[PDB]
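Chemist: One structure, pasted below without further comment.
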Amino acid sequence: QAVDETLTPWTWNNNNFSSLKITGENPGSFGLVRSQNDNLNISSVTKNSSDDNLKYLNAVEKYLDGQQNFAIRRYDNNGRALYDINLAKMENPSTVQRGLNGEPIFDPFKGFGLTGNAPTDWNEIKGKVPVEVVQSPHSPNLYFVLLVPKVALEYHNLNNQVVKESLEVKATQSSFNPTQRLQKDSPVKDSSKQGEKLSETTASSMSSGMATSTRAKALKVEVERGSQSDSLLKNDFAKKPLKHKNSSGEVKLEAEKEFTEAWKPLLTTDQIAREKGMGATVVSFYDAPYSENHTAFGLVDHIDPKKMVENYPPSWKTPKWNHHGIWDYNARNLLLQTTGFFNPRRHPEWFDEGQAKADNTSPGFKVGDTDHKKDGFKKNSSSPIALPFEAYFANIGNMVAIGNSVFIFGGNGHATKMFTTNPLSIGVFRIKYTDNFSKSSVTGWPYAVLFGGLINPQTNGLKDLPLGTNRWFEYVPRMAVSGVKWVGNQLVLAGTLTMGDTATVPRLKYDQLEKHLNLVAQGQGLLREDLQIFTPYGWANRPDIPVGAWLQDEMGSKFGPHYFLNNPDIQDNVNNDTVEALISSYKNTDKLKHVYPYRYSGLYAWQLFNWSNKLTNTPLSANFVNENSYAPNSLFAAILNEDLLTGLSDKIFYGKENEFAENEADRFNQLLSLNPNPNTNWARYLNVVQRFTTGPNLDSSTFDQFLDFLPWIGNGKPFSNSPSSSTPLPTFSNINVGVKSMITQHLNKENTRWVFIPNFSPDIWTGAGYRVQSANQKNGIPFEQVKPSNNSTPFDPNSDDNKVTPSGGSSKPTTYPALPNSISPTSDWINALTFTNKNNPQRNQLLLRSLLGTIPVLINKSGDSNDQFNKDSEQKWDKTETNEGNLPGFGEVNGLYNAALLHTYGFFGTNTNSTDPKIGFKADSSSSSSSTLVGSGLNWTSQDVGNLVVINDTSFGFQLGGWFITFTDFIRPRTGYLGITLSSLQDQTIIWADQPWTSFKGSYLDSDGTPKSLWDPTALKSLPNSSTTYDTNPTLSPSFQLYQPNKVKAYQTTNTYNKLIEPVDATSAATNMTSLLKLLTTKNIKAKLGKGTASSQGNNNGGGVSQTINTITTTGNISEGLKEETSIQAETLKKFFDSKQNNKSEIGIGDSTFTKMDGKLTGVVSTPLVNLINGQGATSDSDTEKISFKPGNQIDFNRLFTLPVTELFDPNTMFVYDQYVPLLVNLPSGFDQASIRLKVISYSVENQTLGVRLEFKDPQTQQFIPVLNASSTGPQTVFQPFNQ
Amino acid sequence: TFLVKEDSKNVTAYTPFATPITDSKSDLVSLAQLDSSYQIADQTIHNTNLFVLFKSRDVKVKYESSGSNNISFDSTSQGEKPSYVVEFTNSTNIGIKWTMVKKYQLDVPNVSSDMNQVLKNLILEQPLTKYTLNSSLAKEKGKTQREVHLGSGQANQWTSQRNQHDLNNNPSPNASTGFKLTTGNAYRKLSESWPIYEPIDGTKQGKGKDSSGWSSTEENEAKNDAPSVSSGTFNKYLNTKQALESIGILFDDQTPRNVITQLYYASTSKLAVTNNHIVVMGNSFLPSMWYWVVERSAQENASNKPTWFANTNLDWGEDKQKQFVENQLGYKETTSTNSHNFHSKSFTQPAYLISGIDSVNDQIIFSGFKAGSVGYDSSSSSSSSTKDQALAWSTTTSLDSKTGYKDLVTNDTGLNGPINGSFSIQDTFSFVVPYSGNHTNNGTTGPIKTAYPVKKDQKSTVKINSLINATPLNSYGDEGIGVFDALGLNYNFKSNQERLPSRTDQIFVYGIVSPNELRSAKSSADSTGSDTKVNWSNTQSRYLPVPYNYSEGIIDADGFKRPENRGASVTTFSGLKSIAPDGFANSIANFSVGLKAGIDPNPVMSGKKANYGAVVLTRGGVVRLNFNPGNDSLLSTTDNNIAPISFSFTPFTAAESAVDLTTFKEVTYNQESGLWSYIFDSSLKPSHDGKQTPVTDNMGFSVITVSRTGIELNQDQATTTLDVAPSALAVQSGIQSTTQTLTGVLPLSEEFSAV
C-alpha cells in the first residue's frame, strides 16, 4: 500500500502522457511509474513453428509479469508521493458501495465505503499497465484511467520474425535492384476480342443548330437493366478489349504467388474482442488523499473492437470496391494498381489477414466473366476493414471527459509503429455513464463520419485541401494525435492528419508502365511515400476514360481525340461558333452517355484538381476520390463541438443510402446525395467540427514564400538562398528565379494587361527551366513546339481535324498561336492553373515534410571515384534556359527545385560539411541518362508528434520531431498575423540519430509561462541487427523508401526545356547505377556527408530540457508583407523577409533555448504550483511554513462548542466565519487575515463534531490553494468537544 | 399557454404539460363572422395579442383591360370574399377565449394608367411545381445577337457592321437574346387561366404564350398524354393538378381560376406586425406583385389597398445593380402604339418570390428571391426578328473584372444587352465573356458596348411587353451560360478566385423596412391616378445560386472546368439532370422560405442595443441577415472588397438537404435560448405525383435547428466594428418521424420541448 521507491516515473511513446494535473477540491498529481531493472531478455520466451500468436503473447505477458512492475502513484501539490497503486500487487481491492440514489457513500476522514469485493474481470485486468488518467468535469473525487497489455509497450522488443516489417531486405546476393519487387510489364490489345470496342456515333442530333465539323464522332456508352435476373441488356462501361502480359505467366496482383512470407497482424479484431486479457480497458475510480479509505474502484469497461467495427460504414465491408465500380476497377487492374478505396495492398494494418488479401480479386462484386453484361452485381464479402492489434493500440490513448462520459481519441501510433508499417488513430471511443454512475455503455466511431461536414469557410489558412467526402465514406481520415484539451471555453483537437492521396492521381497511357516505374511503385504499395512526384509525359489524356475507348488510335498518326499522350501544347480552341459542331450535339438520357471529340491535356495540378477529393464551399461534395495517404501528410488542429459530441448516439445506424449500387443500371443514374431513411442517424455525426487549421493564415504564392523562410534543421540555414553574380537560387518560391517576364503575350494572345497583377506592368518571374526563342523575346512564346508520333512530321494546323465550318461557312483553325513560358515542376502561374505545378495540398505537404526535414532529392551522381558532381564549372544558376542549369524536369519532387534543395542540404559544396561531398544531378546532352531519389539524411517521420499543451485562454502548441509548433491565433484570428510560431531543436547528436524521436521524453507548460520539452541522448536505439555478416544495400529504417529507376533520352544543348524531356525503358536500368542504389540506405548518406559516426563531435551525453522562443503581442505580425499596392503579395513578402533573414524571432521563427541536466531523463510529474523532473526537486512549501492547525490541548472546547456547529459557517457556501480562523489556525505576526479561511468538508450536529480544510491566496497565481503542511495529516483536520 | 393550430380553422392554447385546455378550442373563422369557406393562413403574437390572416378558397378576382376598376372581385357569383387580418385579444378573467377587437379587410390594388398599360399585355409563367423538371423549365434558344441585329445570312460581317449598331467591340455575335415563347411552360395573361399540365420538355412540348394554340389542340393532346386519376403514358406532359392545389392555386372543378385570382390568393400568405403597422406579403411558391400594408388605426369598415412592388424602388446595394435589374425588364422607347412594358413606364422589379415577412423591435424584415421579369415580343407580323421571343440574357461579370465584390457587381458586363456565350481559355472553357470594358486579343480597342436586342429600323414596329417568371431564373435560354448562372459555376482565373455574381439571375433580395418608409408605402397605396413610388433604403441583394452539388455531373465549382462539362448533357437546361433530395424535382431554380427575425439573447455592451439577426432558409443552405441595432439597419463594413457583411450563407449536409422545403409549416424562435426552429409537416405534400402516382410518403414531420454562429456585433470593445458576416448553422435537430401526424411543437423551456 505505502510508497515503493524502486518504481520510477516515465513517459509512454504512444500518447506522451506522464502525469495528470488534478484541480478543484484537492489538487496534486497522478503519474505513471515502472521498475528500473535492466537485462530484460524477452527472447528467452521460445517461439515454435507449430503454434499461433495468442499463446505466445500470453507466455510473453506471463513472463513480463515476473520481470516488470507498473503503477500510478499520487503526489501532493509540492511533488511528494502519498500511496503506491501497483495494481498487480495491492492487497484486497474493492469496488465502492452506493446509496439508493446511486451516489458513492463517503465521509472525507473515513473515505469511501467499500463493498468488500473486487470489480468484474479482475483476474485478467490485474496484469495490464495503466497508461493515461483524466478527471471528471462535474463530479468531485471521480477519475478515469486507461489500462493496456504489457506488449502495448514492449512490442518493439518482441522478436522480429513474428513482429515483421511490411517489406523484406533479404541477402541481396544477386546485387540489389529495387525493381525486383515490382510488377512492371504493360497490358496489350487482345488479338481475339477487338470487335466489342465502343461505337462511333453514326448520326448526331441537330438541336436546330447550323455549324458542322469533319472530326471523328463521339463514342456511345449505353447501359440498361433489361429483363434477365443477373444480366443487363447493355453495359458499355464493362467492355474489356485489353489483356495483361504473359512474361513467365500472366502479370496481375496475386498475393499467394508474391507474398511467400506474408505479413499479418499480431491478433485479429475478433480475437482482441473475445480474449479479454488482450483488449484495452478503461476504469472509473475514486480518490481522496488524506482519508483512511483513500482509493477504491467504480466501473470497468473493455474498449471492444466490435463496438468500432460494427460502427463502420457499409462500404467498409467492401474496401476492394467503390461507387464507380467496373470501368475504374478494370483501368486500375490493367495499370497494375490497387482497386477500391482502402485495400490492404496499401493499408494492411486494418486487415485481419494483412498482405494475404493484398490483391484485386473477389471485391464483394461479380467481376471478370466472359460476358460484359454479367459483371457488376453484389455478392458475399471476405475482406472488410477491421481493427487488428497493431492498428488497435494506435487507436488507443488521448482521453478527455465531457458531462457524464469519457472519450479516447487514439495515440500517435508509437505503441505499434514499425519502419515500413503505419498504424494510426482511425476514430474516437466513448464510455457513457447512466443511473447516476451506477451503470455504463461503451462505443466508438471512425473519423470519416465525423469530419465529413468540413468546408472551405471553416479555415483561415489555404482552401481546397483533400479532406472532402460524399454519401459513401471512401475518404478515410486517420491521425497521429497530439491530444484533446480545453482552450479556455473551446474544446480543441490536434496532431498530424492523412489527406486523400495527392500523388497517384495522374494515370499512365496503357503501354508505358516500363518507363515510369516510380508512379506505378507508388500505386503498388511498394513506394510508401505521399509526396507528389513529377512524371507528366507518360500520362494518358484522361484518367477516367472507359477502357473500351483506349484502342481508337494505336499509331498516334490521327492524334486520336478520345485517347492520346498528355501534353498541353496541342489542344482545341472551341470558340463562339465551334461548340455547336464538335460537342453540344451529343445530348443523352437515363440510359445513354458519351465520350466527347474535344482534345484534352494538362500538368500535375490539372490531374490533381480533376480527380482528388478536394474540399469545396459545400460538404459531401467529392464524387471522385483516387485513394488514401500511406502516412500523415498534413498538420491539423480543430475546434470540436462538445455538446453535440455529448448528444450523439452510442450506436450509429446506416442503410441503403450508404450501400454501393447493387447493379450497374442503378449505378448509371447514381444520385450523389440522398435522403437518410428516417430511422437511421449516420448524418448527425458530420457536425462535430466548428473550425479547423492546417498552417499559416496565408493564401496563393505567399504560402510558397513562407516555405522558403524557415531554417532546415539539418544545418540551421534557410531555404531562401538569399543570404549568399553566379549566386544560388531558392527551392520553394519563384521570386527572383529565371527572369521578369511580361505576361502581355501569354494566352492565345487573349487579354493580358490589368488581368493578373495589382499594377500597370504585368511582370511575373517565369521560374527555372523556362522556354523562349531569345532574351529579346522574353514575353510569351509563339506556337512552334509540334510533336510527331514517329518521325511523322508536324501536328498539321489548318487540316480538317483542326478546323470547323460555322454558320455561313467562314472556316478558321481550332489551335493556339502562342503558349506559356514554363512547364517545370517548380512552376507558379497565376494566369495558368493548368501549367502551374504548385498546389494547396502540396503547400501543406511541403510545410509538414520540410519541418520534419525529410523531403527527398533526385540524383544522377554520388561522391565516389569517377562518379562526382561539382559546385564549380558544372552548374550555371544564371542560365536556367539550358541544360547547364541542371533542372531535371522528370522524376522530380513537385512544387520545389532539386538543385536548390541539394544546395540547401549541402550535397555539393561546403554548406553542411568541412569538405565538398560531390553528390547531385547533371543534365547531359551526349547520351541517355539514369536517375533515382534519395532521402535528406535525416530520420524524423510525420507520426513523431508529442503532447498538445495549452498556453493560455486562446494559445496552444505541440512538439513535432525536431520542432515545437504553436497555433497562437486560431481561436481569435487577426489580419496581418501569420497565425503560427516555430522553435527548432539544436542538438546534432539527436538530429542525426537513426530513430531520433525515441530520445523525446515528453512536453509540458512551465511556471515561468513557457512550454518546455525533455530530451535524452542516452535513450536512442540501433537497428534490429548490425547487418550480421553482409552489406545490407536495402536497410529498412524510418526514412528509407524503394525509390525506382527513371531513365531518359539526352537533353537538348539549347532550347532545352521547350519540350518535356523524353523517357525510355527503365526495366533494365539498375545495373548501370549501383553507386546510387547503395545511397538508398540513409546510413550511407550520413557516411558521405560525414555525419555517420562520432565524427559529429560536440556533447558526449548532454541530455536535459528544451524551451520555445519568447513571445509578445508583436510576435508573428507581418502586416507589411501582407496586402498589395505596388506589386504581387509573394514578391512584397520576399522583400519584407530579405531585410529580416538575420532577425527571424519577431516573425515567430528560430531555434529553441536549451539547458543540460546530469543522469537519466525519464519524465516530468506536474501540478498547478510546480513541475518535477523524474519526481526530484520537491520543496518544503516555503511560502506557507508559518501556517498550521492548533493541536487538541490548545483548544478550550466549551468556548467553541457551547453553540451547535450548525452556525459556525455560512450555509450557502460552507466557509467558517472569519473571526474563528485564528481561533483554529496559527499564523505569523502582521499576517493578512483576509488571505486565508476554513472550508467545512463534513460534520454531525448530534456529535458536535466539525471537519475542515484550509484555503489560502497563492503568491504566484490569482487562485486559492490548500496549505499542505498544516498538520501531520496534511491540509484536512477535525475539531470536537473531547468525544472523538 | 401555447396556441397551436388544431386544424385549418381551430387554434387552441396548450398548457406547458402538453395538455389541451378545457373549453379552449375556438373556431376563429366563425368567431370573426366569416363563412366556413374561409381559413387561416398565418398567425402572429404581438403584445399577447393573436392576429390571423384569413384567405378564402371562394375568392374570385377578375381583370379587365378596359375601364378603371381593372382588378376587382367577381361578385356576380358570390365570390367577393376578400382576405382579412383580425386582431384577437384575450379579454376575460384569465381563461383562454379570444374575441373580436379589430378586423381589417385586404382589398385588391387600384391599377393606375401606367400599371394598366403594363398589365394589359402582361403574361405570367405558370407556377413552379414540386414535380417540375429542368427540361420543363428549359426554353428553346432564341435568336442570337447577330441574327437579331444583322439578320440572317450576314456572317463574317459582325466586325464591320457592329459599329453603327452601338455594339462596338462586342466579342459575342452568337450571344443568346433570350428564349422563344412558342413552347414551354404556359405563359398566361392575368385575365387568362393557367393549365394543369406542365411540359416535360420545354423545348418541344407546351404551347407557351399562345393560349389560342394551346387550347385549340395542344391542350387536348396533353390531356390525352396525362390523364387525371395510371392510364397515362406520360411522355410529353405531367398532370400536376394535385401539386397546383397543394401549393395554393384555386380550382373550378379541374381548371384553375384566372391568374389575377391566383396571384391575389397567393399574396395573402404571411403576416408581420408592428406597433403601428401590419404588413402582408405573398408566399414563396409563386410571385406576388402587390403587398398590403395595414394601418392599425384604420377604420374597421374602411378599405386597405396594397402597394405594387413595381412602385417599391428597393436599394439593391449599388445603383449599378439596380440598373442591371431595371434594364432587363424590356425596351425603353417603345412608341409602337401602346406596346408599353415595365421598363418603358419607369417601374422597378415587379415580382419577388417573398421568402417570408417578420418584424422585430418595431422593425419589419423581408426577404425573398427576385422573380425574373423581362420583355417579350408580340408583333404577330414579314415580322419582327425577335417575334414570339423573350428578351432576356445572362449578365455574369467578365473573367478579368477587378477582384472584389463591389467591382464584380459594378462591372459593366451586360449593362444593357447580351454579351455571354461560349469561349476557350487555355486548357478549359469559360461561358462568361473573358473581357469587359476595353480589353482585347491585341490590347485596348475601346469600350465594349451592349444594347437591347431589338433592331432600330423597326423601333416603331416592334411590340415589346413584359412577363413574370415563376422562378428567379431571369433568362430561360437552353444554354451554357444560363446553366452556369443557375448553378453558380462561373469563376475568374486570377490569383484569388471569385464567384462571378450574376447581377440579374438568382438574385436574392432582403432588407429591413422602417416605419417611416412603411408609411410612405401606405401613401403610395392610397395614391389615386398618378402612381407614386416607395423608397426602401435598408435593403440589399446578393447573387444566391442553387448549389452545384444538386445537379448530376457537376462535382465541384472552380475556375478550371473539366472538359466533360462542355458536353450537351450539362451545357443545356434540357440536358441537365437533377439529383435534388429536398423534394424539388428541379436543380436549377432556387427557392426560399421561412424568414423569422429574432433578438439575440446574449449580453451586449451597455449603451448598445441587443443584436437581432434573421435567418432565412434556401436550397442547400441557411442565410443569416445581420443588422446594426444601433441604427436598426443592415450590418455594413467600410472595406468594399469584403462581401456585404449583411449576408452569410452556410451550406447544408445530407440530413438538412433531405428535409423537403415544400413542407414548411411553421417557424418558432426561442427568445431566451436564441435558437430558431423550422417545423416541416410532411402532410403538406400533394396527394398525387406529377405522374399521377399516389404519394407514398405523406406521413411524418421534421425540424431543423438554426443556431447563431460566428462573431456578433457590439460584443465587446474589440468587436464594435466587424469584418466577417455572422454565419448561421443549421442542424437536423433530432425531432423527426414518418409514422406520426404533427400537431405542434412546444418551446417548453431551455432544457425541454414537447411534441
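By convention in this document, the chains of the C-alpha cells carry letters A, B, ... by their order, each chain's residues are numbered from 1, and ligands are numbered from 1 in the order they are shown.
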For chain A, report every residue with an atom at most 6 Å from chain B (counting only C-alpha atoms), formatted as a list in words.

Modeler: residues 573, 574, 575, 576, 583, 584, 586, 587, 588, 618, 623, 671, 674, 675, 683, 749, 750, 751, 755, 756, 808 and 830 of chain A

Chemist: With a distance cut-off of 7 Å and only C-alpha atoms, select the neighbouring residues of residue 453 (chain A), excluding the residue or stretch itself and same-chain residues fewer than 3 positions from it, and output the selection as an mmCIF file with N, CA, C and O atoms, in the first residue's frame.

Modeler:
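The result, written out as out-v3.cif:
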data_model
loop_
_atom_site.group_PDB
_atom_site.id
_atom_site.type_symbol
_atom_site.label_atom_id
_atom_site.label_comp_id
_atom_site.auth_asym_id
_atom_site.auth_seq_id
_atom_site.Cartn_x
_atom_site.Cartn_y
_atom_site.Cartn_z
ATOM 1 N N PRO A 619 -20.173 20.815 -48.210
ATOM 2 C CA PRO A 619 -19.748 19.500 -47.725
ATOM 3 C C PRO A 619 -20.375 18.385 -48.583
ATOM 4 O O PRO A 619 -21.246 18.649 -49.413
ATOM 5 N N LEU A 686 -21.733 14.436 -38.669
ATOM 6 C CA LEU A 686 -20.929 15.336 -39.517
ATOM 7 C C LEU A 686 -20.599 16.708 -38.881
ATOM 8 O O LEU A 686 -19.694 17.404 -39.341
ATOM 9 N N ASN A 687 -21.345 17.135 -37.855
ATOM 10 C CA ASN A 687 -21.268 18.480 -37.259
ATOM 11 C C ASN A 687 -20.422 18.570 -35.967
ATOM 12 O O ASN A 687 -20.546 19.535 -35.207
ATOM 13 N N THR B 653 -25.997 19.775 -45.065
ATOM 14 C CA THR B 653 -25.385 18.443 -45.172
ATOM 15 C C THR B 653 -26.485 17.472 -45.643
ATOM 16 O O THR B 653 -27.590 17.901 -45.978
#

Chemist: Excluding region 29-31 of chain B and any residue of its chain fewer than 3 positions from it, enumerate the residues within 9 Å of it, using only C-alpha atoms, and give them as a count of residues only.

Modeler: 14

Chemist: If we count only C-alpha atoms and set the cut-off at 7 Å, which residues sit around region 770-773 of chain A, ignoring sequence neighbours fewer than 6 positions away in its own chain? Please answer as a short mmCIF file (atom, residue, chain, number, x, y, z; two decimals) with N, CA, C and O atoms, in the first residue's frame.

Modeler:
data_model
loop_
_atom_site.label_atom_id
_atom_site.label_comp_id
_atom_site.auth_asym_id
_atom_site.auth_seq_id
_atom_site.Cartn_x
_atom_site.Cartn_y
_atom_site.Cartn_z
N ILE A 781 5.72 32.86 -75.73
CA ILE A 781 6.36 32.06 -76.78
C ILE A 781 5.32 31.74 -77.88
O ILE A 781 4.19 31.38 -77.56
N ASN A 821 5.37 30.30 -70.97
CA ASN A 821 6.84 30.19 -70.92
C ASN A 821 7.41 29.05 -70.05
O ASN A 821 8.62 28.84 -70.10
N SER A 822 6.64 28.33 -69.23
CA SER A 822 7.22 27.25 -68.41
C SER A 822 6.25 26.11 -68.09
O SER A 822 5.07 26.34 -67.83
N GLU A 881 17.66 28.59 -68.77
CA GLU A 881 17.08 28.27 -70.09
C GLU A 881 17.70 27.01 -70.74
O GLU A 881 17.13 26.49 -71.70
N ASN A 1055 17.66 25.47 -76.24
CA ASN A 1055 16.19 25.33 -76.20
C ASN A 1055 15.74 24.12 -75.34
O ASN A 1055 14.80 23.41 -75.67
N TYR A 1057 14.30 23.09 -72.54
CA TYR A 1057 13.01 22.84 -71.89
C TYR A 1057 11.80 23.24 -72.75
O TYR A 1057 10.67 23.29 -72.26
N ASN A 1058 12.00 23.54 -74.05
CA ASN A 1058 10.93 23.92 -74.97
C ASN A 1058 9.90 22.79 -75.19
O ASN A 1058 8.72 23.07 -75.43
#

Chemist: As a ChimeraX atom specification, please: all residues of region 195-309 of chain B that backbone DSSP puts in strand (DSSP E).

Modeler: /B:197-199,237-239,251-252,255-256,272-273,277-280,290-295,306-308
